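Should a chain be cited, it is by its letter among A, B, C, D, E, F, G, H, I, J, K and L, assigned in written order, with residues numbered from 1 in that chain.
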Amino acid sequence: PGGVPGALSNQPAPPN
Amino acid sequence: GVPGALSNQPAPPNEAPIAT
Amino acid sequence: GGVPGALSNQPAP
Amino acid sequence: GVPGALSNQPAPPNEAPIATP
Amino acid sequence: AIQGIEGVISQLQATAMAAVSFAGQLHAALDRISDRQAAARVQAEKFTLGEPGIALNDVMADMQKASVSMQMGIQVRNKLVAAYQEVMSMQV
Amino acid sequence: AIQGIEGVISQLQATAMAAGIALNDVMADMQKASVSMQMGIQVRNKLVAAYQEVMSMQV
Amino acid sequence: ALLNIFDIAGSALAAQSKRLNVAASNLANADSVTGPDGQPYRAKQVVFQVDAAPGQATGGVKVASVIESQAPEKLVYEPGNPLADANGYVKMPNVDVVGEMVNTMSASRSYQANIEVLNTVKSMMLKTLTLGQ
Amino acid sequence: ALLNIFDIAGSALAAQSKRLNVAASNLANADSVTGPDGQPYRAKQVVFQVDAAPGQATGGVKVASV
Amino acid sequence: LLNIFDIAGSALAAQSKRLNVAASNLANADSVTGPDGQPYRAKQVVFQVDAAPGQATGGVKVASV
Amino acid sequence: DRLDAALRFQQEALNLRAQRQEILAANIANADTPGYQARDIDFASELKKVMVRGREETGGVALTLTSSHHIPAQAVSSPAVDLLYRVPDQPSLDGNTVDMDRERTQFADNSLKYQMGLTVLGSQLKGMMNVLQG
Amino acid sequence: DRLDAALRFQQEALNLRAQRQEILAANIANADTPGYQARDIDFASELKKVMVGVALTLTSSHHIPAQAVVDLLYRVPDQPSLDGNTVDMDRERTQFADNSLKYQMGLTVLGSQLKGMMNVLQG
Amino acid sequence: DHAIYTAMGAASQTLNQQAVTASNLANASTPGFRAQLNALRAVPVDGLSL
């Protein structure tokens, strides 16, 4: 499903 | 499975949670 | 389309 | 108009007086 | 011509009663290759012109494709000439 | 075809008795065709040479 | 089917160029306060998808859409600037400079890799054209 | 004219140069009592706007006025 | 695939894994907790010879972390 | 028939090399896309499969063009190869398993093997024109 | 000649890029001259003008053949200097780098066209 | 190729920690203030192999 490349998807995301 | 080998089943989605 | 490429000529000319 | 455009006219001289003439 | 239109209506009557080639294919291939090359050249000139929306990536890739197509045409011509020379050497 | 199915049943009786395009394909078929045409030319040349040698005889 | 590599790598080059352009636009406006509409500049990012029509196994990459980055707007206390909030909270873009610099470097490297792919593919096509000769 | 990345980054350089010039002029005139005529010097500010551009998603920085 | 190519690729993978482990360790020099609440214990890779069918000389494989 | 059969193994191996390189280039292109599992094919098994049973395609469906003014259009025509998943080396938060060292090693190896196939096929075809040369 | 018509556009673009490169480097060199105006050319309009003459007639051998023999636009100043110099470092440095890149691109395109015309003939 | 992202995350979170510390120091004269603690948590990425 892809997603945002780079910084946003390689930083620890919020739990929910 | 040996890394770099070939398998017919996909790897499971990996996640890195912050709090268990 | 909506976004011009980095290597394109000034979309703003 | 925009700084960095192209015009067919030279800019006016840049004078900066010390006192009002 | 008036007689030419007479011939056209005659061929239409022929079709009524009744009810592409190798040179054509070669001409079509040459036209396709030339059209691709002209399209790449026109896009390159448009980019060199400064007109917005034309990306250097597309220009360079299209020039690459045009070069590959030209080389394909050259190889086809080389073989075709070789085959013609071989046939004209056939003993009769 | 009806005659095609006739041929299929005939071959079955025979068995009873006995018991887009890429450069990779374009270039390969182009080369074959060249090879087959050269083979045909050479074989015909051999046949024609043999025939002319026979007819150039002296009886 | 080496010709499809042209399309795949060209799409990849275009997508990486768009990503680099968006990252540079975010970086150059880290200090902006106002937009053309008066709204604060919102950091933007591209979305990468597999450029595969339904039924196509594997393709290149394509930019689906450009989306506003999800991050709190940087609040600055300057209730003297003509642009301000009810309590003087100027809203500045949420650009993370380190992220944008790393994104620029990554986009450049991926771009160069795709260029190498295209170069070697063209060399192979020429060979192949020199198959029997 | 310029490539899109060139234009964006060059506009960024020019905008930062303008901001630095405004800061330097303010720091020079920190103790000025009177200006060209007789009115006090007023600290200058530079306002950054994003070049709207046809793309909008990608655009550099312009400075409307000081 | 090709032997020397297999050797060089395996060794590139091993050295990349070591570099990633070192970078992760350097990031976590001052980390005080993880997700479960346990301290972060530094990682180190184990190199082993990949010469399973190639006698005593071959590529290098990362046995474990 | 005989000449077609004699040159069929190397031709099919070279076609499979081309398709594998297309797959590897797709993996390299999607190397920064979050959530993309790297794909690759088992060259030997698929090569034997294509030789025993001829090449086939999943799609290929295209609009028929009886007239000379019909507008030509095709859906998708991918090979009948089994796209297997590569085992990831180390984890990544975005969620793709494209490890660049593996991709570039397989790319270079496939490149050399395709050049080898071209050399073998060209040598055989000259080895035949030499005979048909009198 | 038909060969000139095919290569006319790229040759004129390359020559115009070289001339504008010289103009930009002159702007860089004269950055410190007080009262110097930064000059430049509009590449597209001049390229139109060059892309869009009469050799005198030679009746005999002694007759001598005809002997052969762009418009500069001022740059809009950004910051007012005191010495009257309107040359801005950043703007012209970016323009200089861009012109170098475009000159290289024109060389690449012209070389590719000549190389294609050559491999058509080689045999 | 992805160790750059690990290091970038470390640098960005170092910037965040510095921002927290600077905000704490700016309020050295704030009456009745409670300093914000800072701690770098480690998040292990859970894939299959290493």
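Convention: a residue touches a chain if its C-beta (ideal position, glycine included) is under 8 Å from a C-beta of that chain, and two chains touch if they have at least 3 such contacts.
**Q** Considering only chains that satisfy the touch condition with chain D, which of them also satisfy it with chain G?
**A** Joint contacts, listed by label: H.
**Q** Hey, which chain is the most central one here, using CA centres?
**A** Taking the mean of all protein C-alpha atoms as reference, the closest chain is G.
**Q** Between chain G and chain K, what is the separation of their C-alpha centroids in Å?
**A** From the centre of chain G to the centre of chain K is 33 Å.
**Q** Round to the nearest whole Å and give the separation of the Cα centres of chain F and chain H.
**A** Taking the average C-alpha coordinate of chain F and of chain H, the gap between them is 82 Å.
**Q** Need the CA-centroid distance for the pair chain D / chain E, whole Å please.
**A** 58
**Q** Mind pulling the chain E residues that touch 2 or more other chains?
**A** As it turns out, chain E has residues touching two or more other chains at 50, 52, 55-57, 67, 71-72, 75, 78.
**Q** Would you pick out the residues of chain B that each touch at least 2 other chains?
**A** Those would be 1, 3-4, 11, 14, 16-19.
**Q** What residues in chain J touch two or more of the other chains?
**A** 15, 18, 31-34, 36, 87-93, 95, 97, 99-100, 102, 121, 125, 129
**Q** Can you name every chain pair that touches?
**A** So, checking each combination of chains, I get A-B, A-G, A-J, A-L, B-I, B-J, B-L, C-E, C-G, C-H, D-H, D-K, E-F, E-G, E-H, E-K, F-G, F-J, G-H, G-J, G-L, H-K, I-J, I-L, J-L as the touching pairs.
**Q** Under the definition above, what is the set of chain B residues touching chain A in their complex?
**A** Going through chain B, the ones touching chain A are 16-19.
**Q** What does chain K use to touch chain E in their complex?
**A** 9-10, 13, 43-44, 47, 102, 105-106, 109, 112, 116, 119-120, 123
**Q** In their complex, what parts of chain J are in touch with chain B?
**A** So the residues of chain J in touch with chain B come to 37, 40, 42, 82, 84-89, 91-93, 95, 97, 102.
**Q** For chain D, which residues are in contact with chain K within the complex?
**A** 1-11, 13-14, 16
**Q** Under the stated contact criterion, what part of chain J meets chain L in this complex?
**A** Touch list, chain J to chain L: 31, 87-93, 97, 99-100.
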